[PDB]
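# Structural features, examined
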Amino acid sequence: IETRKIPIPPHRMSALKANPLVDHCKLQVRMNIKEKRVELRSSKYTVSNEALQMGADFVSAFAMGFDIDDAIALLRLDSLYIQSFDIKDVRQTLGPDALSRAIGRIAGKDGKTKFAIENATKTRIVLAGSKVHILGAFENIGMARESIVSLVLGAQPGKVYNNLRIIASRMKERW
RNA sequence: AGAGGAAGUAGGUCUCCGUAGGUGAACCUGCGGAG
């Protein structure tokens, strides 16, 4: 018997108030957004540490901000990973004009560039200021990470998109 | 002004918060902020 309790920030309170994991993978659940905690208890129906860690990874993904569609995709696919990249990681300058300028470069107007990168390398990323969150198979996450760090190092977005497209094709290929 | 003669050139997304207005619980818009 094992338990795991995860915190949520108060961003996602309503969507966590929206409703099932006990039916998904037989792991009993308690929640309280006043203490900001989610408790996952292992009853007798529970079998695997893999399933318990999977429920933990799912609830942490929904806390860190993905929607329920890609969240249950993370629940069902065992070959799907998440990664958290802070924007203060490896950095070209000591100037604190980083934040607005670089995340404007990454997003683009009406999310066009984030959307094009997502549809290109098949990942799903979310963006909240400092922290960016990438979701996908780990090699595609590597592709999106290299694209984003090139964007924050300051290459032109058209050039980055072109190079990303040809690398996306050559990795999609088998032989 | 005249018919001939001769010549040459051809780049802030998402969430949340505080606002002000809108049709009010909610919801939308705009702005200011934190992730």
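Rules of the game
- Residues numbered from 1 in each chain as written, not as in the entry; some residues may be left out.
- Chains lettered and ligands numbered in written order.
- Part of a larger assembly, values for the part shown.
- Heavy atoms only, no water.
- Residues with missing side-chain atoms left out of burial classes, pairs and counts.
- UniProt positions renumbered as here; feature names shortened; annotations may be inferred.
- Salt bridge = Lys/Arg side-chain N within 4 Å of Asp/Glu carboxyl O.
- Buried < 20%, exposed > 50% of the residue type's maximum accessible area, 1.4 Å probe, protein only.
- Helix = DSSP H or I, 4+ residues; strand = E, 2+ residues; numbered from the N terminus.
- Pairing = 2+ DSSP bridges.
- Axes fitted to C-alpha atoms, helices over the stretch in contact; angles between N-to-C directions.

Chain A appears in the PDB entry as Pre-rRNA-processing protein PNO1 from Chaetomium thermophilum. On record in UniProt, under Function, the comment for chain A is "Required for small ribosomal subunit (SSU) synthesis. Has a role in the processing of early nucleolar and late cytoplasmic pre-RNA species." What UniProt states about chain A under its Subunit heading is, verbatim, "Component of the small ribosomal subunit, ribosomal RNA processing complex (SSU RRP complex)."

### Considerations on the pattern of salt bridges
Taken as a whole, this structure holds five salt bridges when the rule is applied. A salt bridge links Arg-4 to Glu-2; its shortest N-O distance comes to 3.5 Å. On the basis of relative accessibility, which here comes to 42%, the residue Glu-2 falls in the partly exposed class. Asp-67 serves as the salt-bridge partner of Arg-124, at 3.7 Å between the closest nitrogen and oxygen. Residue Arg-124 is found in strand β5 (residues 124–128), and its partner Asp-67 is found in the loop between α3 (49–64) and α4 (68–76); the two are separated by 57 residues along the sequence. Note on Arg-124: relative accessible area 31%, which makes it partly exposed. Through salt bridges with shared partners, a single ionic network connects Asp-67, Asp-70, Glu-118 and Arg-124.

### Here we look at the sheet that holds strand β3 (residues 37–41)
If you walk across this open sheet you meet the three strands as β1-β3-β2, and the pairing is antiparallel. In this open sheet, the two strands that pair with only one neighbour each are β1 (3–7) and β2 (28–32). Ignoring strand direction, the axes of neighbouring strands in this sheet form an average angle of 15 degrees. Both β1 and β3 contribute to a ladder of five bridges, which runs antiparallel. Paired with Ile-6 across the two strands is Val-38, which belongs to β3.

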